[PDB]
Amino acid sequence: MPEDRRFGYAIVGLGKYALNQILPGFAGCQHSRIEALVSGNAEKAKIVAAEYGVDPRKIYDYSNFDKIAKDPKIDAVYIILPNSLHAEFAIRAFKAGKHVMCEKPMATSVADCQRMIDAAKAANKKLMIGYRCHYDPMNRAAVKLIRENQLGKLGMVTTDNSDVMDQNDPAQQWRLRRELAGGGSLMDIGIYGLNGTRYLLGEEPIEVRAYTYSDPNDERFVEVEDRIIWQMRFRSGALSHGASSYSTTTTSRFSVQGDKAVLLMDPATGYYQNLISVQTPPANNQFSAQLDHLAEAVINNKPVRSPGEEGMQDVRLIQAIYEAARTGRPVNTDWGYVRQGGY
Amino acid sequence: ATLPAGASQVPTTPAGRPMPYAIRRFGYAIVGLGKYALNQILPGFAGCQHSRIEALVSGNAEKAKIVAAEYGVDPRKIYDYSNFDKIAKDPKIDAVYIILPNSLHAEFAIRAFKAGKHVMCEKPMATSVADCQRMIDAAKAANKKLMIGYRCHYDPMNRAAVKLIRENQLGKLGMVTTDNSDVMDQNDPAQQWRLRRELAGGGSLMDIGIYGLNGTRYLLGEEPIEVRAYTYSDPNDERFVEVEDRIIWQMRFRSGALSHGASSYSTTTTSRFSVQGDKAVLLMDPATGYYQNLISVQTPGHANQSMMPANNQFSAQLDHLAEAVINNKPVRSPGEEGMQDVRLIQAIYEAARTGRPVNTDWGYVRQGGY
Amino acid sequence: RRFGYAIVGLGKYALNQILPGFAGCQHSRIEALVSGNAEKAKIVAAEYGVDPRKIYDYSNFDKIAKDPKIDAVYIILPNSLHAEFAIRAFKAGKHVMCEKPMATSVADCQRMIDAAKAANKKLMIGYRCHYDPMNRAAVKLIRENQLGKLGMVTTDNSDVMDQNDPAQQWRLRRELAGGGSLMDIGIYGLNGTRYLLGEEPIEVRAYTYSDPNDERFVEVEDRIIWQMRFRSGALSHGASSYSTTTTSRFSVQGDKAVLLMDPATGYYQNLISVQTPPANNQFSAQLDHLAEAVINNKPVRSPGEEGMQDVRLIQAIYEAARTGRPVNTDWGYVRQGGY
Amino acid sequence: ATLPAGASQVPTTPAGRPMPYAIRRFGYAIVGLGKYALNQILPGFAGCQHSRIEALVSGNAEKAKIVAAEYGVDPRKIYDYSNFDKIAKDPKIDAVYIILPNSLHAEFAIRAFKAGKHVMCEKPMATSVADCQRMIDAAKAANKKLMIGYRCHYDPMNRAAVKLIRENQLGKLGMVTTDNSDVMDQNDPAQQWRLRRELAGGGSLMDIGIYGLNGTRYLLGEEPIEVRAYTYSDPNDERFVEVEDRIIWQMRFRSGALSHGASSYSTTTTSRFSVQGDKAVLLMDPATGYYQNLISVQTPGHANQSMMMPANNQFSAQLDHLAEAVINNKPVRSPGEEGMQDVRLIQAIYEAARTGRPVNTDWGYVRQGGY
Ligand SMILES: NC(=O)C1=CN([C@@H]2O[C@H](COP(=O)(O)OP(=O)(O)OC[C@H]3O[C@@H](n4cnc5c(N)ncnc54)[C@H](OP(=O)(O)O)[C@@H]3O)[C@@H](O)[C@H]2O)C=CC1
Ligand SMILES: NC(=O)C1=CN([C@@H]2O[C@H](COP(=O)(O)OP(=O)(O)OC[C@H]3O[C@@H](n4cnc5c(N)ncnc54)[C@H](OP(=O)(O)O)[C@@H]3O)[C@@H](O)[C@H]2O)C=CC1
Ligand SMILES: NC(=O)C1=CN([C@@H]2O[C@H](COP(=O)(O)OP(=O)(O)OC[C@H]3O[C@@H](n4cnc5c(N)ncnc54)[C@H](OP(=O)(O)O)[C@@H]3O)[C@@H](O)[C@H]2O)C=CC1
Ligand SMILES: NC(=O)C1=CN([C@@H]2O[C@H](COP(=O)(O)OP(=O)(O)OC[C@H]3O[C@@H](n4cnc5c(N)ncnc54)[C@H](OP(=O)(O)O)[C@@H]3O)[C@@H](O)[C@H]2O)C=CC1
């Protein structure tokens with residue numbers, strides 16, 4: 001519902017996602033509000049502040065970021081910086097006594113994910129990873145009918161997530177630098193397929209195989225991978241195969257095959273219009289629903305559906321896939337992860 | 001094989017970065033946030049080239065609240081059926097898309113024209129011929145375009161059917177057959193306006209039977225000059241106590257062609273058109289579905305040919321009015337076209353009511369062709 | 001091969017589909033021929049291997065009582081001559097198989113049922129669709145209630161009438177054909193709506209139109225549309241045309257699902273389809289039904305009565321289209337044995 | 001205006017009438033009266049122009065008799081597997097169409113060629129890369145054409161997908177995805193030839209995944225040079241004691257395009273192909289159905305643009321294609337060579353899944369004629 005209030009957010013990094021999807025996302029919020037902005041660009045932030053009606057005194061840069069602990073109005077921070085920088089600021093945010101909303105991927109290494117979780121506990125503050133698909137009506141509906149056994153026993157999941165990378169786009173420049181992104185299309189978007197396969201099935205992969213290829217003559221992939229294909233096996237016996245691509249156009253298509261029916265999501269994880277059907281032989285926008293979820297969780301002191309642990313699980317699975325792709329051997333992933341209150 | 005300058009220059013420590021890339025000159029005010037608007041229309045915008053959702057109008061704030069969020073409409077532009085006219089103050093709103101129950105069509109199109117906005121009204125146009133007239137007049141007085149929502153007029157498949165017919169692929173036309181139906185009540189008798197005479201203006205014919213009537217017309221490329229009909233409903237069915245369930249109507253055209261069709265409110269999904277000529281027979285099934293319509297041609301002796309974007313009807317419809325305005329052109333589904341269907345449906349009820357043939361040759365002229 | 005057949009009239013259905021149809025029979029054979037063109041008769045009798053010593057004509061036709069090999073006769077002549085020979089053939093001890101429409105009047109149809117009972121022989125009307133695998137399947141699934149309650153049936157049967165085709169010519173003459181498209185091909189839809197619904201029409205309405213300048217319809221009608229209501233409450237609208245190309249489409253709408261038959265009543269390739277929100281060819285099954293019935297002391301699926309019901313329902317439809325007023329048809333008719 | 005000339009003149013009394021009106025120069029010998037032959041092929045002859053059902057070859061006189069009658073087939077042209085070769089006599093029989101379990105293909109293609117006949121053989125060509133060669137050689141000998149039944153090669157929709165790709169509408173190809181699946185009856189599987197390794201030569205990959213393999217190839221219009229794969233079956237599902245249930249395969253082409261696909265014997269029907277370019281994406285769903293295949297082209301920024309005469313006649317077109325080729329000294333678009341390539345690749349794929357290592361397939365198979 002429109003009119004917002006309570007929970008106060010500090011947006012960090014005025015980039016493509018922050019400005020195109022997140023800030024506009026408050027409009028449909030019931031508890032969340034843009035209280036402050038953190039940016040290394042005074043001029044840009046000054047323009048954003050005027051637009052969303054943010055008190056210009058609430059514009060911090062990356063150096064004085066920490067001073068936000070002095071403002072009770074700021075309840076949480078939403079980190080929308082490159083991957084490599086997620087950990088540092090989530091941690092600095094916790095030491096400042098704030099809750100953290102962090103975008104995906106959680107961090108560029110599993111150790112950092114853990115440090116983030118440790119810092120959160122230490123401060124007794126919640127850590128939520130920005131998985132919008134966990135609050136998307138369509139995606140939830142899909143998860144519902146699968147739980148209501150509408151597809152039968154699940155046996156084959158297929159996913160594909162792609163997008164052409166444009167080196168001129170500032171946002172896509174750091175995605176091509178290994179240290180900033182920590183990986184290629186898998187880290188960036190293949191993660192949606194990986195994460196969806198997991199919640200669509202309601203299980204964890206116990207084994208993984210992968211392969212990756214990139215045109216050695218393409219300047220975009222000198223450091224990170226363009227296309228990568230991973231195949232997984234689950235305890236239930238369900239199997240899956242998906243890929244990510246940085247050189248083919250927009251694709252967000254999932255498929256779940258059961259012996260009763262087949263589910264088709266496509267677009268499956270887009271920003272606006274997702275469509276899902278089933279073939280046999282009324283809701284707030286994911287962006288708004290996510291922002292207010294952390295608000296709800298904090299205000300009503302109840303668990304978040306996308307906890308730091310969840311973020312960690314994906315990164316760890318991605319490092320296993322990267323390893324499989326590297327050795328060309330199957331990688332054991334049966335390490336006992338357990339999902340909080342369900343997928 | 002070197003990394004692009006941009007990428008390499010990106011700093012690894014936190015740093016300020018440029019304004020990001022920012023991932024529709026005709027504004028619409030959607031009226032009635034019901035089944036059709038929410039499932040077909042609003043989503044239809046995503047594929048438009050000139051239209052966009054500028055404001056909503058609903059008898060349910062919460063509803064509007066959520067919806068405006070989903071589609072990104074400024075929450076201050078959520079009107080009700082009272083301050084509806086205040087829309088006259090907003091210049092961003094170029095047109096109005098009335099998607100309310102039949103009975104309230106004319107009342108809201110007129111007010112809309114009074115607020116200087118162009119009007120897109122769903123079908124059937126109105127529940128009386130006279131209200132149709134009223135709507136047309138309000139439009140011309142306010143010098144604004146009036147369009148009726150006949151999506152099939154913007155469905156590639158249907159247009160492909162009209163094309164092959166106009167190229168004489170079927171030969172002289174002799175017999176058209178249509179059938180359109182769906183099962184009504186979902187455990188809700190008097191709670192369905194469609195089953196309320198005062199709200200719907202009619203039964204299956206006014207709601208889905210109109211597809212067969214309009215279809216027969218644009219397929220033959222001509223108007224009916226004579227009509228006959230018969231209607232029947234099980235008298236022990238609460239659903240049909242006010243409006244009809246099944247009605248069958250037979251027509252004749254000035255070219256000598258004939259047609260028989262029916263609509264039903266007690267039978268499963270059906271959308272089938274059939275056009276017979278002396279060379280071949282055309283078969284559309286689904287003929288007026290929402291996603292993919294299929295058409296087939298059968299010439300004696302030869303096999304059965306299927307015919308051949310092919311779906312953008314919802315989008316095609318929204319922009320058509322938009323373009324028409326922006327480019328000072330005539331709409332393909334003017335108010336007069338809607339008034340024709342309503343006038344014939346009236347003749348049909350009269351025929352079904354008296355059990356005789358009703359003359360309908362009043363010379364309606366389809367502007368711009370079918 | 002204990003059942004012999006005497007084919008009368010060497011026309012299209014006769015040669016194009018019936019004789020070749022014997023090639024699949026398990027209990028029947030083209031015992032002898034009957035024609036008014038011995039020449040052609042020869043050519044034919046020759047091919048199918050028929051003793052030219054049995055190539056009768058339309059007079060010596062009676063001799064058939066002599067041959068004890070000729071169990072039954074199969075008439076394939078114009079409608080106006082169906083009754084004549086059915087009886088001429090009954091007063092000879094031979095069972096009868098007449099083509100549709102049974103006759104050109106309800107009266108003659110009755111005379112035909114009488115003569116049959118007098119010669120203690122069986123009378124079966126040529127309704128191939130009564131023995132068409134695809135058609136029976138449609139009926140089966142309806143009985144198994146796959147379509148739910150039946151409420152709307154749509155039928156359309158058409159073919160362009162050529163006035164230079166032999167078989168066609170008599171179909172343009174009132175006295176010979178006894179009506180137009182409804183009598184000749186529209187009957188398939190009528191009879192179909194009946195065995196598909198599994199009931200009879202109590203009320204009938206119709207309208208007919210023909211180009212006043214087209215010489216093909218000076219006595220018979222080109223197009224006719226008819227609507228009917230049944231006891232159960234189901235309705236139906238169909239039509240037949242003599243000026244539009246081939247069409248054979250039936251549709252049965254229920255509240256659970258819709259059945260589509262298209263082609264519905266063709267000679268082959270018949271297709272059916274049901275949508276929700278390996279037996280012998282019809283031709284052979286038919287001929288070998290009469291043979292089987294008589295041999296095993298059993299009734300025929302297509303009784304002479306069943307064929308009389310259509311002639312009566314049609315006269316009613318012609319009456320309805322004549323007065324533009326609805327006609328009552330609730331006359332108790334009871335399709336014995338099932339549709 | 002009154003009754004026509006000859007119309008108005010007809011004895012309203014019995015009389016003599018002239019011979020009635022009338023109503024395919026390539027006879028066919030359908031071998032195997034099974035589900036496909038009976039529900040798709042035979043009925044499919046209806047729309048042919050040149051092809052015809054000349055003879056039948058069944059190991060079941062009953063089944064054949066009726067079938068023969070149904071289609072108006074000479075009841076004297078119902079052979080069996082013993083006297084099958086006798087068809088050599090009858091010249092009205094231009095070619096044969098083998099529709100038998102996989103293991104029996106090579107054997108009858110060969111015998112038929114030794115009868116001076118052309119051969120139409122269903123996929124997969126044979127159960128071994130070896131037998132495919134024996135078939136090709138056998139055909140080269142009798143100077144007759146050999147054609148493998150890849151109907152999608154004649155499906156209007158599939159051809160359109162291929163055409164739009166060749167017109168660079170998707171741009172440079174980079175990722176292809178395929179899935180083909182169907183639930184194999186789970187009632188006494190020991191009685192199904194698809195569940196018996198010696199009769200099928202493999203599980204889901206040999207029976208339906210091959211559609212994915214083959215399609216990936218003609219959509220890209222190039223051959224894989226490297227292949228990878230994995231497989232797995234529920235060890236307690238009696239259905240898969242000799243053949244695989246599900247198998248996943250990844251491939252790489254010289255152009256650098258990649259692909260990932262799978263086939264399944266335990267999941268509801270699926271036939272979906274997707275071709276991702278740098279300019280747009282193509283989705284086919286259904287991609288290889290029996291009736292109407294649908295294709296859509298998703299292009300960046302713009303919405304989902306479905307792509308829609310005739311378009312429903314793959315069987316006919318396939319039957320006549322073999323007719324025309326002969327009738328018009330020209331080669332078939334689906335030669336024995338093209339079928340061998342799939343069986344070779346499938347073998348490569350099965351070994352990939354076994355060893356667990358990539359398998360080089362860069363063996364130089366050129367597409368004689370185009371995809
Ligand atoms: N979950 C999802 O649906 C999506 C999530 N994202 C995630 O959001 C995050 C941001 O991505 P996106 O907004 O696409 O990235 P952009 O580069 O558009 O925004 C990056 C922002 O972080 C800032 N920043 C600070 N230091 C640096 C540095 N060295 N390099 C780059 N930026 C810096 C800047 O804001 P300032 O200039 O104000 O300092 C900058 O604009 C990522 O983690 C990404 O994966 C992105 C797209 C979709
Ligand atoms: N072109 C096409 O293919 C189709 C056209 N239509 C036509 O569009 C119109 C809308 O149909 P549809 O959305 O299915 O109908 P619904 O009954 O689902 O929606 C009707 C809406 O108008 C509103 N309204 C205002 N007053 C009333 C009232 N007294 N009773 C009920 N609703 C009221 C409500 O929304 P709110 O709560 O915002 O006030 C409501 O949701 C009809 O004219 C119909 O004939 C329908 C389906 C398809
Ligand atoms: N149920 C079905 O699928 C079909 C049924 N029919 C029915 O079959 C019957 C035969 O029709 P059809 O074969 O098409 O028409 P035709 O004229 O081609 O066949 C009728 C045959 O009976 C003869 N005949 C005897 N007297 C006359 C007469 N005075 N005028 C014309 N013919 C005469 C002929 O044999 P000869 O010259 O050898 O004496 C002759 O050609 C009709 O009653 C018709 O409705 C027709 C087509 C299909
Ligand atoms: N391209 C396509 O769309 C399809 C291709 N296929 C192909 O067609 C071929 C057969 O498939 P399909 O029609 O489904 O198979 P079925 O199991 O229904 O066909 C088996 C047929 O071959 C015969 N046969 C001869 N010897 C044997 C034996 N040892 N065991 C069983 N049958 C035998 C039979 O005919 P009789 O009883 O007359 O002896 C029989 O009915 C296969 O190569 C398969 O790949 C199958 C389906 C679709």
# chains A, B, ... in the order shown; residues from 1 in each chain; ligands from 1
$ select_by_dssp --residues "range 100-208 of chain A" --states "strand (DSSP E or B)" --output "short mmCIF file (atom, residue, chain, number, x, y, z; two decimals) with N, CA, C and O atoms, in the first residue's frame"
data_model
loop_
_atom_site.label_atom_id
_atom_site.label_comp_id
_atom_site.auth_asym_id
_atom_site.auth_seq_id
_atom_site.Cartn_x
_atom_site.Cartn_y
_atom_site.Cartn_z
N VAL A 100 20.94 -4.32 7.84
CA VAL A 100 21.40 -4.28 6.47
C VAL A 100 20.61 -5.08 5.44
O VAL A 100 20.26 -6.23 5.65
N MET A 101 20.34 -4.40 4.33
CA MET A 101 19.70 -4.96 3.16
C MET A 101 20.89 -4.95 2.22
O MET A 101 21.49 -3.89 1.97
N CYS A 102 21.29 -6.11 1.74
CA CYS A 102 22.42 -6.14 0.82
C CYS A 102 22.00 -6.80 -0.48
O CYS A 102 21.31 -7.81 -0.47
N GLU A 103 22.42 -6.23 -1.60
CA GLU A 103 22.09 -6.81 -2.89
C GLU A 103 22.88 -8.08 -3.13
O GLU A 103 23.88 -8.36 -2.45
N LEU A 127 20.24 -9.15 8.84
CA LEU A 127 20.96 -9.10 7.58
C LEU A 127 20.05 -9.70 6.51
O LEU A 127 19.70 -10.87 6.59
N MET A 128 19.65 -8.90 5.53
CA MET A 128 18.79 -9.41 4.47
C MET A 128 19.44 -9.23 3.11
O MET A 128 19.95 -8.15 2.79
N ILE A 129 19.44 -10.29 2.31
CA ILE A 129 20.03 -10.22 0.98
C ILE A 129 18.92 -9.92 -0.02
O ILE A 129 17.86 -10.55 0.00
N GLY A 130 19.17 -8.93 -0.88
CA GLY A 130 18.17 -8.50 -1.84
C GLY A 130 17.71 -9.44 -2.93
O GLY A 130 17.96 -9.17 -4.10
N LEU A 154 8.87 -33.99 -9.03
CA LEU A 154 9.74 -33.17 -9.85
C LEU A 154 10.95 -33.94 -10.38
O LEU A 154 11.66 -34.59 -9.62
N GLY A 155 11.19 -33.86 -11.69
CA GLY A 155 12.32 -34.58 -12.27
C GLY A 155 13.33 -33.81 -13.13
O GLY A 155 14.47 -34.26 -13.27
N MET A 156 12.94 -32.68 -13.70
CA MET A 156 13.87 -31.92 -14.53
C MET A 156 13.60 -30.42 -14.56
O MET A 156 12.53 -29.97 -14.98
N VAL A 157 14.59 -29.66 -14.12
CA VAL A 157 14.50 -28.21 -14.11
C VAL A 157 15.47 -27.63 -15.13
O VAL A 157 16.62 -28.05 -15.21
N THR A 158 15.01 -26.66 -15.90
CA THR A 158 15.86 -26.01 -16.89
C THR A 158 15.79 -24.50 -16.65
O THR A 158 14.72 -23.94 -16.49
N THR A 159 16.95 -23.85 -16.62
CA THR A 159 16.99 -22.41 -16.43
C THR A 159 17.98 -21.77 -17.40
O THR A 159 18.90 -22.41 -17.88
N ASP A 160 17.74 -20.50 -17.70
CA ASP A 160 18.61 -19.71 -18.57
C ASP A 160 18.41 -18.25 -18.19
O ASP A 160 17.28 -17.78 -18.07
N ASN A 161 19.51 -17.55 -17.98
CA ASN A 161 19.44 -16.13 -17.65
C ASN A 161 20.57 -15.46 -18.41
O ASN A 161 21.74 -15.80 -18.22
N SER A 162 20.21 -14.52 -19.28
CA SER A 162 21.19 -13.84 -20.10
C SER A 162 20.91 -12.37 -20.33
O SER A 162 19.79 -11.91 -20.16
N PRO A 205 21.22 -28.75 -3.96
CA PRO A 205 21.94 -29.65 -4.86
C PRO A 205 22.92 -30.43 -4.00
O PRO A 205 23.49 -29.87 -3.06
N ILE A 206 23.13 -31.71 -4.31
CA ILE A 206 24.09 -32.50 -3.55
C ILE A 206 25.31 -32.75 -4.42
O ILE A 206 26.34 -33.21 -3.93
N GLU A 207 25.18 -32.44 -5.71
CA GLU A 207 26.27 -32.64 -6.67
C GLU A 207 26.17 -31.63 -7.82
O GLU A 207 25.08 -31.27 -8.26
N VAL A 208 27.32 -31.20 -8.32
CA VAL A 208 27.33 -30.23 -9.40
C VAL A 208 28.42 -30.44 -10.45
O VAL A 208 29.56 -30.83 -10.15
#
$ residues_near_ligand --ligand "ligand 1" --cutoff "7 Å" --atoms "only C-alpha atoms and all ligand atoms" --output "ChimeraX atom specification"
/A:13-18,38-41,44-45,80-83,103-105,130-132,170-172,174,188 /B:10-18,20
$ write_last_selection --atoms "N, CA, C and O atoms" --output "tab-separated table (two decimals), in the first residue's frame"
chain	number	residue	atom	x	y	z
A	13	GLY	N	24.94	4.04	-2.74
A	13	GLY	CA	25.35	3.86	-4.13
A	13	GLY	C	24.19	4.21	-5.04
A	13	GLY	O	23.25	3.44	-5.19
A	14	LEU	N	24.25	5.39	-5.65
A	14	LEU	CA	23.18	5.84	-6.54
A	14	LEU	C	23.47	5.39	-7.96
A	14	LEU	O	23.87	6.19	-8.81
A	15	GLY	N	23.26	4.10	-8.21
A	15	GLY	CA	23.50	3.53	-9.52
A	15	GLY	C	22.25	3.10	-10.27
A	15	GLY	O	21.12	3.48	-9.94
A	16	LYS	N	22.47	2.29	-11.29
A	16	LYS	CA	21.40	1.81	-12.15
A	16	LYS	C	20.25	1.13	-11.41
A	16	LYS	O	19.10	1.48	-11.62
A	17	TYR	N	20.56	0.17	-10.56
A	17	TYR	CA	19.51	-0.53	-9.84
A	17	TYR	C	18.88	0.38	-8.79
A	17	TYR	O	17.66	0.48	-8.68
A	18	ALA	N	19.71	1.08	-8.02
A	18	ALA	CA	19.18	1.97	-7.00
A	18	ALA	C	18.17	2.97	-7.57
A	18	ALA	O	17.04	3.08	-7.08
A	38	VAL	N	23.94	7.64	0.44
A	38	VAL	CA	25.38	7.62	0.60
A	38	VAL	C	25.93	7.59	-0.80
A	38	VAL	O	25.55	6.71	-1.57
A	39	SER	N	26.81	8.52	-1.14
A	39	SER	CA	27.34	8.55	-2.50
A	39	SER	C	28.67	9.27	-2.65
A	39	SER	O	28.95	10.23	-1.94
A	40	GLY	N	29.49	8.81	-3.59
A	40	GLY	CA	30.78	9.45	-3.82
A	40	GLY	C	30.65	10.57	-4.83
A	40	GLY	O	31.64	11.11	-5.35
A	41	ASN	N	29.40	10.93	-5.12
A	41	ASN	CA	29.08	11.98	-6.08
A	41	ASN	C	28.14	12.97	-5.41
A	41	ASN	O	26.95	12.68	-5.27
A	44	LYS	N	25.39	14.29	-8.00
A	44	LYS	CA	24.36	13.31	-8.31
A	44	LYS	C	23.37	13.13	-7.17
A	44	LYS	O	22.15	13.21	-7.38
A	45	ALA	N	23.91	12.92	-5.97
A	45	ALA	CA	23.11	12.73	-4.76
A	45	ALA	C	22.23	13.94	-4.45
A	45	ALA	O	21.12	13.81	-3.94
A	80	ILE	N	23.83	-1.05	-2.41
A	80	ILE	CA	23.65	-1.32	-3.83
A	80	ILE	C	24.95	-0.92	-4.53
A	80	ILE	O	24.94	-0.17	-5.50
A	81	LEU	N	26.06	-1.41	-3.99
A	81	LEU	CA	27.39	-1.15	-4.53
A	81	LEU	C	27.86	-2.39	-5.28
A	81	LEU	O	27.19	-3.42	-5.29
A	82	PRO	N	29.03	-2.31	-5.95
A	82	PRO	CA	29.50	-3.49	-6.67
A	82	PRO	C	29.65	-4.63	-5.67
A	82	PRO	O	29.75	-4.41	-4.47
A	83	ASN	N	29.69	-5.85	-6.18
A	83	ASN	CA	29.82	-7.01	-5.33
A	83	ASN	C	30.97	-6.94	-4.33
A	83	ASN	O	30.74	-7.05	-3.14
A	103	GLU	N	22.42	-6.23	-1.60
A	103	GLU	CA	22.09	-6.81	-2.89
A	103	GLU	C	22.88	-8.08	-3.13
A	103	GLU	O	23.88	-8.36	-2.45
A	104	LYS	N	22.43	-8.85	-4.11
A	104	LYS	CA	23.08	-10.09	-4.50
A	104	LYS	C	24.05	-9.82	-5.68
A	104	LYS	O	23.87	-8.87	-6.43
A	105	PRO	N	25.13	-10.61	-5.78
A	105	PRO	CA	25.49	-11.69	-4.87
A	105	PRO	C	25.92	-11.11	-3.51
A	105	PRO	O	26.43	-9.98	-3.45
A	130	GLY	N	19.17	-8.93	-0.88
A	130	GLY	CA	18.17	-8.50	-1.84
A	130	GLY	C	17.71	-9.44	-2.93
A	130	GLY	O	17.96	-9.17	-4.10
A	131	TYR	N	17.05	-10.54	-2.57
A	131	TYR	CA	16.52	-11.49	-3.55
A	131	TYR	C	15.05	-11.12	-3.82
A	131	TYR	O	14.13	-11.67	-3.21
A	132	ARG	N	14.83	-10.18	-4.74
A	132	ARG	CA	13.48	-9.73	-5.06
A	132	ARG	C	12.52	-10.83	-5.47
A	132	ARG	O	11.33	-10.74	-5.21
A	170	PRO	N	28.26	2.40	-17.44
A	170	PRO	CA	29.03	2.45	-16.20
A	170	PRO	C	28.75	1.22	-15.33
A	170	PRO	O	29.68	0.56	-14.85
A	171	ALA	N	27.48	0.91	-15.14
A	171	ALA	CA	27.07	-0.23	-14.33
A	171	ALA	C	27.73	-1.53	-14.77
A	171	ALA	O	28.12	-2.35	-13.94
A	172	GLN	N	27.85	-1.73	-16.08
A	172	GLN	CA	28.43	-2.96	-16.60
A	172	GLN	C	29.96	-2.97	-16.70
A	172	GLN	O	30.57	-3.98	-17.03
A	174	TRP	N	32.22	-2.42	-14.11
A	174	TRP	CA	32.80	-3.14	-12.98
A	174	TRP	C	32.44	-4.62	-13.02
A	174	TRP	O	33.13	-5.45	-12.43
A	188	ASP	N	26.59	-12.62	-11.51
A	188	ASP	CA	25.61	-11.59	-11.80
A	188	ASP	C	24.16	-12.03	-12.00
A	188	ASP	O	23.28	-11.60	-11.27
B	10	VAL	N	37.88	1.57	-13.73
B	10	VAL	CA	37.00	1.53	-12.58
B	10	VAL	C	37.85	1.36	-11.33
B	10	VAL	O	38.71	0.49	-11.28
B	11	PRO	N	37.64	2.20	-10.30
B	11	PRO	CA	38.47	2.03	-9.10
B	11	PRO	C	38.00	0.84	-8.25
B	11	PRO	O	36.86	0.41	-8.35
B	12	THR	N	38.90	0.29	-7.43
B	12	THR	CA	38.51	-0.84	-6.58
B	12	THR	C	38.07	-0.39	-5.19
B	12	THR	O	37.43	-1.15	-4.46
B	13	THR	N	38.40	0.84	-4.83
B	13	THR	CA	37.97	1.38	-3.54
B	13	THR	C	36.69	2.15	-3.86
B	13	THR	O	36.45	2.51	-5.01
B	14	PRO	N	35.84	2.40	-2.84
B	14	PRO	CA	34.60	3.15	-3.11
B	14	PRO	C	34.86	4.48	-3.81
B	14	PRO	O	35.77	5.22	-3.43
B	15	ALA	N	34.08	4.75	-4.85
B	15	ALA	CA	34.25	5.97	-5.64
B	15	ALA	C	32.94	6.44	-6.26
B	15	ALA	O	32.06	5.63	-6.54
B	16	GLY	N	32.81	7.74	-6.47
B	16	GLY	CA	31.60	8.27	-7.08
B	16	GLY	C	31.54	7.83	-8.54
B	16	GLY	O	32.58	7.63	-9.17
B	17	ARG	N	30.34	7.67	-9.07
B	17	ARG	CA	30.19	7.25	-10.45
B	17	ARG	C	29.10	8.06	-11.12
B	17	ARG	O	28.19	8.55	-10.46
B	18	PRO	N	29.17	8.23	-12.45
B	18	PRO	CA	28.18	9.00	-13.21
B	18	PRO	C	26.73	8.65	-12.94
B	18	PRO	O	26.42	7.75	-12.17
B	20	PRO	N	23.43	6.95	-13.89
B	20	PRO	CA	23.29	5.72	-14.65
B	20	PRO	C	22.39	5.87	-15.87
B	20	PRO	O	21.67	6.86	-16.00
$ interface_residues --of "chain B" --to "chain A" --cutoff "10 Å" --atoms "only C-alpha atoms" --output "number ranges by chain"
B: 1-23, 38, 43-44, 46, 61-76
$ residues_near_ligand --ligand "ligand 2" --cutoff "8 Å" --atoms "only C-alpha atoms and all ligand atoms" --output "count of residues only"
40
$ closest_atom_pairs --of "chain D" --to "ligand 3" --cutoff "9 Å" --atoms "only C-alpha atoms and all ligand atoms" --output "Markdown table"
| residue | atom | partner | partner_atom_place_in_ligand_line | distance |
| --- | --- | --- | --- | --- |
| D:10 | CA | ligand 3 | 30 (N) | 5.8 |
| D:11 | CA | ligand 3 | 29 (N) | 4.5 |
| D:12 | CA | ligand 3 | 29 (N) | 5.1 |
| D:13 | CA | ligand 3 | 29 (N) | 4.6 |
| D:14 | CA | ligand 3 | 26 (N) | 3.4 |
| D:15 | CA | ligand 3 | 26 (N) | 4.4 |
| D:16 | CA | ligand 3 | 37 (O) | 3.7 |
| D:17 | CA | ligand 3 | 37 (O) | 2.9 |
| D:18 | CA | ligand 3 | 37 (O) | 5.7 |
| D:19 | CA | ligand 3 | 41 (O) | 7.1 |
| D:20 | CA | ligand 3 | 18 (O) | 5.4 |
| D:21 | CA | ligand 3 | 18 (O) | 8.0 |
